[PDB]
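Each remark here refers to the structure printed beneath this line.
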Amino acid sequence: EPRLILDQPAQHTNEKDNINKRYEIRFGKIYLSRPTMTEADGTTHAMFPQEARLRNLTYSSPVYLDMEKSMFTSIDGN
Amino acid sequence: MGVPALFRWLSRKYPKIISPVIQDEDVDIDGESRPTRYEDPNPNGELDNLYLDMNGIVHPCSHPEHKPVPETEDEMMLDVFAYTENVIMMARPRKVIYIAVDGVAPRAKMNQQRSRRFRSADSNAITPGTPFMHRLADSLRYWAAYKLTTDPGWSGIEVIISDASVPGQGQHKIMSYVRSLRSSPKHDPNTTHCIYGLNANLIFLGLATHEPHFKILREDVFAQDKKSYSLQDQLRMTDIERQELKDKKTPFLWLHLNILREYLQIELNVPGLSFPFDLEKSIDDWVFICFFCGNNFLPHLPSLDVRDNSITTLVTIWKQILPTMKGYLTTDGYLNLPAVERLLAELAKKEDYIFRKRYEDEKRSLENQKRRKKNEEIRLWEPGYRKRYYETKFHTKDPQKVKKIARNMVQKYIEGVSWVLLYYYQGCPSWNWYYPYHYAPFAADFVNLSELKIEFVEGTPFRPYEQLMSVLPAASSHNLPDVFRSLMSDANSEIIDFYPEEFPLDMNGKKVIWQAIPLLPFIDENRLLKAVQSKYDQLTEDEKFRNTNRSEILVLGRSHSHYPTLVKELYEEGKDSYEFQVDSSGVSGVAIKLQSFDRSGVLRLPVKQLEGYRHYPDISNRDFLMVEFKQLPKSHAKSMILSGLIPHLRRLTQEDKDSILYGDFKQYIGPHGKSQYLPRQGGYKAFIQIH
Amino acid sequence: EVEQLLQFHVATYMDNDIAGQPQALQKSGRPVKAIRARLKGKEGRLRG
Amino acid sequence: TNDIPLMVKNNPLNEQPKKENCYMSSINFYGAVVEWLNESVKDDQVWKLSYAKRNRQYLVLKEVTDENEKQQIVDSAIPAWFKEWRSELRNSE
Amino acid sequence: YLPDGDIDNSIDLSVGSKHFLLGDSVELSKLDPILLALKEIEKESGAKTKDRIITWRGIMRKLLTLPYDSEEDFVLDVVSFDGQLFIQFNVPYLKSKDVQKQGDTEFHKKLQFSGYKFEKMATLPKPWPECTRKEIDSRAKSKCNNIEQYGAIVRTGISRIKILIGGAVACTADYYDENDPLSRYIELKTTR
Amino acid sequence: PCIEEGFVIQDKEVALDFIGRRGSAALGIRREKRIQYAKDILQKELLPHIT
């Protein structure tokens, strides 16, 4: 499901003005990083399974998704 | 005249409306065979309102298979009493027992029952205005008072008596009362009703009420193994066989009209409609079609035949033609001229095919009876049948006269059908109109319907003695008053021509004299009324009282809740009139204090008591009350379901629905569920129920 | 009105689930454990 | 109306969405608001109750001191004819 | 009045939205009807009532649903007179609300007109026996407005406080009961 | 026996009406969109893996 579209065809409190204003969210590349743990202070550092076992953390990796916000006007995010 | 084939048609088309009526045998509790107390729960579903048609009970010739033969009217009265206790025991109502007796109905129904009484002709003693009905009214009054005073379970029962003096057709009084209750905004829409009647037409009458919680009690016609053997040899059998007319509990049947309503919802939903399909309006149109196919008011159409499934033919015709309509054929008592015009035009196109098919069917039937065991010669299959028919019936060779007479036939027939529809949906619209011809026209004659005009004259109900002499033939002058006898049978009377001893018989191509055409001259009202009013002054005081119409009577129990209020108003504050609206009993109308009623008097049985018939003791008037009753004013009542109407549980399960399209059980009576609507699609209740 | 106040106090003390009127709620928001519920339900003593 | 509080709690899809009944709490909040309105406002005082959805923490009640705006609010609420009607009622009293 | 079978017609709730009427918010927010009724009952009785709070149904619904319906903003004005409190909307904030309102899309206007059209179709101007067929089938072409409305002035009690509320009644069940008028009242709503 | 019992249904439209009649859901949808609902039921959720 790569796209999510919200559309306003015309007559959006307009005096019979037609403009297809669409905002689209497009899903792109998925980025996976090495397992990193963020301290309660705010600092982040690389985590290893021994530290997760001792500190009762969860060995996990953050995942980044590229959603791009495309603006469409033609009458017819990192 | 009425056809049980209509009941046969319903059985063979919609068999699920039939129930065999659990016979109320004495309840065996802990070894005690308790006689069924009226307060005991009904094993056949509780009933709120019970309207009785006395024409179906006190009318011996309707059941001549046995031998009632009461030499004295006392035996008649006591047997009628026993039959009434039997029917109310097996029905067991809870709110209202409307005892309705035939009166004076409008002029067209007068013509119908005039034909009925002429062909029928003590069996003939059952007719309003006669002393037999005069004693019947008093006997029913005393029986109602006795039952109200004696039975502990009749505290909440109110009996409304419309004696023979009160004008109106039997079931027409029930219809007027139902409409009067409907006109009150405080009416309960879920009040279940039931009418004890023998005529099949009552079915459509229920559909006229637009009250789904309605049922009809009838005799089990399909199950009589009648015997007429010796009276003593029935002692052989005790369980399997008894005297089916005197010693065996006669089985009954119940026609539930809500199941029929669900049916007619199913098969009348034709596809591809320019306008939304309404089940109410479609049901009204179906009742209209049933009336068009034949009724006690209008004559027999020469193309539609009940046992030839002409009802199915017209249903199919409506199925083809409804997509092309923009609206229904009729709406809430009034006709839509273009739609009925188009449907009659389609039937006119099918007329030649139908006539030819009838011709081959007649020839094949005659061939079948060949191996199995006023000159006619009309030759309906041959062309020019209409002209020959008009020449034979009217003896007029003028084509212009025939065309004008046919146009008048069309206008009068439209007026009469609208009259009947308004009569069954809005009360009586006219007491004087009658159909002025002996026959029905062809559908091909129904053209330019919008040009025709509709009018009516309300008038007044006819005098009971005038009506009696208009309905009593020369062979039953005993009931007719001796003063008017010279006006009926004497050859020197000015109106002797109205009653010929011999009249022409028109077979009209029928098979049995039961459905023949009794060709008789139409009654001229003017000279007849003048003649009867000429000798009206020679009547006695009792005859004049029996010739005077009166108002409704209401009889109420002393232990009833509404009795102290009526006492405190009428007999204490001196108020002459009181208004009901809704009450605890569902009755509504105008109450008048009755001066003839004696508060301290004693009411005595007008029937000489016979031993072994549960002797009736005299009961003083102190133990009940009686008032003069009126209804709410007449109003234009729509044909649509009321708000708050709770439907019942659907009897059909996906089998009859498929079969109709593609060629105890007492829980289907009351209002199953509490919501007037049903969950579906994406509602809260629907989504919760589905998953 | 103060008498009705005392009546409502004793009612909430004895009965918790009162129809059409609020129950006595503790400072933590939980309803006050009335003596009627002490013998009814899973928390009741009769079930055990 | 009297069945809706029981209907929502007895739904089969979500038997236990919350251990605290929202309807009785709503009625209690309504009663508390009514009592606070009656107790706080004194005689012949014009006040303003503005609810801000940005806060959603408490209700703020303020007094009106501008005579012109107070009179305009009174005229919007109390028309003149009703004012003289209550004035003659007071004179009778 | 709304039969079950009427649903099967698949009636659209957008017929006539282009000529929808809307009354003035400031005019409808005034407490004129309640004060008129109060003057009438005071003249009839001749003694001052013990009522304390005067309000409308919508204001008190907002005050009741505030904790769990927190997606709308409002400002109200309270005036104390003769020991009685009259509360209503705030005129400048109501004007600001109208300013925000004309920016609403025609979809929201169509939804509001759909609700009002449902109310029009499910009601009758007279009791059912006294209604005619024309008054029934012409509800599809009936103009819809927010100006004309019916209300009930009802005394209610919370703790020690008597509140006189003016509630906009959509319709009644089947008639009007002069003993307990509240028992026959019925309103209508629309939801996705 | 299956051949002889399946005779009241003749063409595709009446078959679609028949299958949509029993397709749970609401009532009163009527043929004009009950046929569409039946076609949707035949297309998706009826052997989705094949096509």
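Convention: chains lettered A, B, ... in structure tokens order; per-chain residue numbering from 1; ligands numbered from 1 as shown.
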Please identify the strand (DSSP E) residues within chain D (assignment by DSSP from backbone atoms) and present them as an NGL selection string. :D and (46-51 or 60-63)
Which residues, written as a short mmCIF file (atom, residue, chain, number, x, y, z; two decimals) with C-alpha atoms, in the first residue's frame, have at least one atom at most 12 Å from region 67-70 of chain D, with only C-alpha atoms counted and residues fewer than 3 positions away on the same chain left out?
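part_35.cif, written as the output of this step:
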data_model
loop_
_atom_site.label_atom_id
_atom_site.label_comp_id
_atom_site.auth_asym_id
_atom_site.auth_seq_id
_atom_site.Cartn_x
_atom_site.Cartn_y
_atom_site.Cartn_z
CA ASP D 44 -26.30 41.52 40.41
CA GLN D 45 -23.01 40.19 39.03
CA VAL D 46 -22.13 39.56 35.38
CA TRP D 47 -19.61 36.76 34.88
CA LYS D 48 -18.03 34.87 32.00
CA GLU D 63 -16.01 38.85 36.33
CA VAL D 64 -17.13 41.55 33.89
CA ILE D 73 -24.76 41.57 27.61
CA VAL D 74 -27.68 42.40 29.90
CA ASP D 75 -29.69 43.84 27.01
CA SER D 76 -28.93 40.75 24.92
CA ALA D 77 -30.08 38.54 27.82
CA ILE D 78 -32.68 40.75 29.54
CA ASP E 77 -22.17 34.99 29.79
CA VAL E 78 -24.02 34.84 33.12
CA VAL E 79 -26.19 37.72 34.35
CA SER E 80 -27.56 37.90 37.90
CA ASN E 90 -21.14 35.27 24.31
CA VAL E 91 -21.84 37.61 21.39
CA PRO E 92 -18.25 38.42 20.27
#
What residues in chain B have any atom no more than 9 Å from chain E when counting only C-alpha atoms, and can you write them as a PyMOL selection string? chain B and resi 182-187+275-280+332+635-638+640-645+676-678
How close does each residue of chain D get to chain C, giving the shortest atom pair and distance in Å to one decimal for every residue with an atom at most 10 Å away, counting only C-alpha atoms, sorted by chain and residue number, as a Markdown table?
| residue | atom | partner | partner_atom | distance |
| --- | --- | --- | --- | --- |
| D:2 | CA | C:20 | CA | 8.7 |
| D:19 | CA | C:30 | CA | 8.8 |
| D:20 | CA | C:30 | CA | 7.8 |
| D:21 | CA | C:22 | CA | 9.9 |
| D:23 | CA | C:22 | CA | 9.7 |
| D:24 | CA | C:22 | CA | 6.0 |
| D:25 | CA | C:22 | CA | 8.0 |
| D:27 | CA | C:22 | CA | 8.3 |
| D:28 | CA | C:22 | CA | 7.4 |
Using N, CA, C and O atoms, can you write the selected residues to a file as a CSV table (one decimal), in the first residue's frame?
chain,number,residue,atom,x,y,z
D,2,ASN,N,-33.0,5.5,29.8
D,2,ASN,CA,-32.6,4.8,31.0
D,2,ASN,C,-31.9,3.5,30.7
D,2,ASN,O,-31.3,2.9,31.6
D,19,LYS,N,-13.1,0.5,33.9
D,19,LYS,CA,-13.7,0.1,35.1
D,19,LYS,C,-14.6,1.2,35.8
D,19,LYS,O,-15.3,0.9,36.7
D,20,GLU,N,-14.5,2.4,35.3
D,20,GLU,CA,-15.3,3.5,35.8
D,20,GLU,C,-16.4,3.9,34.8
D,20,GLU,O,-16.1,4.2,33.7
D,21,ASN,N,-17.6,3.9,35.3
D,21,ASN,CA,-18.7,4.2,34.4
D,21,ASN,C,-18.7,5.7,34.1
D,21,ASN,O,-18.7,6.6,34.9
D,23,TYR,N,-21.0,7.5,32.4
D,23,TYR,CA,-22.3,8.2,32.5
D,23,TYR,C,-22.6,8.8,33.9
D,23,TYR,O,-23.0,9.9,34.0
D,24,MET,N,-22.3,8.0,34.9
D,24,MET,CA,-22.5,8.4,36.3
D,24,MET,C,-21.5,9.6,36.6
D,24,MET,O,-21.9,10.5,37.3
D,25,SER,N,-20.3,9.4,36.1
D,25,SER,CA,-19.3,10.5,36.3
D,25,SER,C,-19.8,11.8,35.6
D,25,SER,O,-19.6,12.9,36.1
D,27,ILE,N,-22.9,12.7,35.1
D,27,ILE,CA,-24.0,13.2,35.9
D,27,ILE,C,-23.4,13.9,37.1
D,27,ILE,O,-23.9,15.0,37.5
D,28,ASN,N,-22.4,13.3,37.7
D,28,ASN,CA,-21.8,14.0,38.9
D,28,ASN,C,-21.1,15.3,38.5
D,28,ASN,O,-21.2,16.3,39.2
Within 12 Å of residue 9 (chain F) using only C-alpha atoms, minus same-chain residues under 4 positions, as a list in words: residues 658, 659, 661, 662 and 663 of chain B; 3, 4, 5, 13, 14, 15, 16, 17, 18 and 19 of chain F
Would you mind exporting N, CA, C and O atoms of the selected residues as an mmCIF file, in the first residue's frame?
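As written to disk, selection-v5.cif reads:
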data_model
loop_
_atom_site.group_PDB
_atom_site.id
_atom_site.type_symbol
_atom_site.label_atom_id
_atom_site.label_comp_id
_atom_site.auth_asym_id
_atom_site.auth_seq_id
_atom_site.Cartn_x
_atom_site.Cartn_y
_atom_site.Cartn_z
ATOM 1 N N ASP B 658 -37.774 -18.520 -1.793
ATOM 2 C CA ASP B 658 -37.220 -18.993 -3.056
ATOM 3 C C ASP B 658 -38.287 -19.663 -3.911
ATOM 4 O O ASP B 658 -38.296 -19.503 -5.138
ATOM 5 N N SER B 659 -39.192 -20.419 -3.285
ATOM 6 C CA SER B 659 -40.178 -21.171 -4.055
ATOM 7 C C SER B 659 -41.175 -20.249 -4.746
ATOM 8 O O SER B 659 -41.601 -20.524 -5.873
ATOM 9 N N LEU B 661 -40.677 -17.167 -5.818
ATOM 10 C CA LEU B 661 -40.043 -16.479 -6.935
ATOM 11 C C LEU B 661 -39.697 -17.438 -8.067
ATOM 12 O O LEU B 661 -39.817 -17.081 -9.244
ATOM 13 N N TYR B 662 -39.270 -18.654 -7.736
ATOM 14 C CA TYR B 662 -38.805 -19.624 -8.720
ATOM 15 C C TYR B 662 -39.728 -20.834 -8.680
ATOM 16 O O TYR B 662 -39.714 -21.599 -7.710
ATOM 17 N N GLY B 663 -40.520 -21.009 -9.732
ATOM 18 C CA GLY B 663 -41.446 -22.124 -9.812
ATOM 19 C C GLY B 663 -40.764 -23.455 -10.058
ATOM 20 O O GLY B 663 -41.366 -24.382 -10.599
ATOM 21 N N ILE F 3 -27.811 -31.887 -11.391
ATOM 22 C CA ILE F 3 -28.249 -31.272 -12.639
ATOM 23 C C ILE F 3 -29.745 -30.989 -12.596
ATOM 24 O O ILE F 3 -30.195 -29.897 -12.963
ATOM 25 N N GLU F 4 -30.539 -31.959 -12.136
ATOM 26 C CA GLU F 4 -31.984 -31.765 -12.192
ATOM 27 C C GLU F 4 -32.484 -30.800 -11.122
ATOM 28 O O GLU F 4 -33.460 -30.082 -11.360
ATOM 29 N N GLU F 5 -31.841 -30.755 -9.951
ATOM 30 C CA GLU F 5 -32.309 -29.835 -8.917
ATOM 31 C C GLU F 5 -31.933 -28.394 -9.233
ATOM 32 O O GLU F 5 -32.626 -27.467 -8.799
ATOM 33 N N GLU F 13 -27.635 -13.912 -14.350
ATOM 34 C CA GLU F 13 -28.233 -12.875 -13.512
ATOM 35 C C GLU F 13 -29.089 -13.471 -12.403
ATOM 36 O O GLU F 13 -29.013 -13.033 -11.247
ATOM 37 N N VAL F 14 -29.913 -14.469 -12.730
ATOM 38 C CA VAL F 14 -30.750 -15.077 -11.703
ATOM 39 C C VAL F 14 -29.896 -15.855 -10.708
ATOM 40 O O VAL F 14 -30.219 -15.908 -9.516
ATOM 41 N N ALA F 15 -28.786 -16.444 -11.163
ATOM 42 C CA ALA F 15 -27.872 -17.110 -10.242
ATOM 43 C C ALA F 15 -27.237 -16.114 -9.283
ATOM 44 O O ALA F 15 -27.092 -16.393 -8.086
ATOM 45 N N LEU F 16 -26.836 -14.948 -9.798
ATOM 46 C CA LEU F 16 -26.265 -13.917 -8.941
ATOM 47 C C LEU F 16 -27.287 -13.420 -7.929
ATOM 48 O O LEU F 16 -26.957 -13.205 -6.757
ATOM 49 N N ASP F 17 -28.536 -13.242 -8.361
ATOM 50 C CA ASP F 17 -29.590 -12.866 -7.424
ATOM 51 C C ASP F 17 -29.781 -13.937 -6.356
ATOM 52 O O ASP F 17 -29.931 -13.623 -5.169
ATOM 53 N N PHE F 18 -29.763 -15.209 -6.761
ATOM 54 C CA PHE F 18 -29.951 -16.305 -5.817
ATOM 55 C C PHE F 18 -28.839 -16.335 -4.775
ATOM 56 O O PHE F 18 -29.100 -16.485 -3.576
ATOM 57 N N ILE F 19 -27.587 -16.195 -5.216
ATOM 58 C CA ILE F 19 -26.479 -16.259 -4.268
ATOM 59 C C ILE F 19 -26.447 -15.014 -3.386
ATOM 60 O O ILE F 19 -26.117 -15.100 -2.197
#
Residue 4 (chain C) environment, 12 Å, only C-alpha atoms, sequence neighbours closer than 4 positions dropped, as a VMD selection string: (chain C and resid 8 to 11) or (chain E and resid 159 to 160)
Can you tell me, as a PyMOL selection string, what residues are no more than 12 Å from residue 33 (chain C) when counting only C-alpha atoms, ignoring any on the same chain fewer than 6 positions away? chain C and resi 12-17+23-26+39-40+43-44
Residues from the last selection, C-alpha atoms, saved as an mmCIF file, in the first residue's frame:
data_model
loop_
_atom_site.group_PDB
_atom_site.id
_atom_site.type_symbol
_atom_site.label_atom_id
_atom_site.label_comp_id
_atom_site.auth_asym_id
_atom_site.auth_seq_id
_atom_site.Cartn_x
_atom_site.Cartn_y
_atom_site.Cartn_z
ATOM 1 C CA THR C 12 -24.243 4.431 50.199
ATOM 2 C CA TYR C 13 -22.738 2.900 53.343
ATOM 3 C CA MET C 14 -25.073 -0.090 53.164
ATOM 4 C CA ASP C 15 -25.735 -0.402 49.408
ATOM 5 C CA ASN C 16 -23.144 0.301 46.707
ATOM 6 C CA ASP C 17 -24.938 -0.363 43.397
ATOM 7 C CA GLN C 23 -22.277 5.253 44.253
ATOM 8 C CA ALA C 24 -19.951 6.338 47.044
ATOM 9 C CA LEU C 25 -16.549 6.791 45.395
ATOM 10 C CA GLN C 26 -13.291 6.648 47.338
ATOM 11 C CA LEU C 39 -21.689 -11.044 50.749
ATOM 12 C CA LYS C 40 -22.456 -11.016 46.998
ATOM 13 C CA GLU C 43 -15.378 -10.644 46.142
ATOM 14 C CA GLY C 44 -18.306 -11.555 48.389
#
All residues 9 Å or closer to residue 187 (chain E), only C-alpha atoms, same chain fewer than 5 positions away omitted, as a ChimeraX atom specification: /E:119,169-172
Same residues, N, CA, C and O atoms, output as an mmCIF file, in the first residue's frame:
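Saved to selection_5.cif:
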data_model
loop_
_atom_site.group_PDB
_atom_site.id
_atom_site.type_symbol
_atom_site.label_atom_id
_atom_site.label_comp_id
_atom_site.auth_asym_id
_atom_site.auth_seq_id
_atom_site.Cartn_x
_atom_site.Cartn_y
_atom_site.Cartn_z
ATOM 1 N N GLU E 119 -34.812 15.162 10.046
ATOM 2 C CA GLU E 119 -35.802 15.639 11.007
ATOM 3 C C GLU E 119 -37.103 16.021 10.312
ATOM 4 O O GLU E 119 -38.193 15.732 10.816
ATOM 5 N N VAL E 169 -37.543 20.682 21.464
ATOM 6 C CA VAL E 169 -38.127 19.364 21.252
ATOM 7 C C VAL E 169 -38.309 19.163 19.756
ATOM 8 O O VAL E 169 -38.946 19.984 19.085
ATOM 9 N N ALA E 170 -37.741 18.077 19.229
ATOM 10 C CA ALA E 170 -37.902 17.778 17.810
ATOM 11 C C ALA E 170 -39.352 17.448 17.484
ATOM 12 O O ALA E 170 -39.929 18.001 16.540
ATOM 13 N N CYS E 171 -39.961 16.564 18.265
ATOM 14 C CA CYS E 171 -41.332 16.119 18.035
ATOM 15 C C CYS E 171 -41.787 15.339 19.260
ATOM 16 O O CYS E 171 -41.027 15.137 20.211
ATOM 17 N N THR E 172 -43.042 14.906 19.235
ATOM 18 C CA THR E 172 -43.589 14.042 20.265
ATOM 19 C C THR E 172 -43.911 12.679 19.668
ATOM 20 O O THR E 172 -43.953 12.508 18.447
#
Shell of 10 Å around residue 59 (chain A), only C-alpha atoms, local chain residues under 6 positions omitted, as a ChimeraX atom specification: /A:35-37,47-53
For a quick test of understanding: name the residues of chain D lying within 12 Å of chain B when counting only C-alpha atoms, and present them as JSON, numbers by chain. {"D": [7, 8, 10, 11, 12, 13, 14]}
Could you go through chain E and tell me which residues DSSP, when run on the backbone, assigns to alpha helix (DSSP H), listing them as a ChimeraX atom specification? /E:25-29,32-45,57-65,91-101,106-121,134-137
Pick out the chain E residues within 9 Å of chain D. Count only C-alpha atoms. Give them as JSON, numbers by chain. {"E": [26, 27, 29, 30, 31, 32, 35, 36, 39, 42, 43, 46, 47, 48, 52, 53, 60, 61, 63, 64, 65, 66, 67, 68, 70, 71, 72, 73, 74, 75, 76, 77, 78, 79, 80, 81, 82, 83, 84, 85, 86, 87, 88, 90, 91, 158, 159, 160, 161, 163]}
To one decimal in Å, tell me the separation between CA of residue 342 (chain B) and CA of residue 378 (chain B).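 Between these atoms lies a distance of 28.3 Å.
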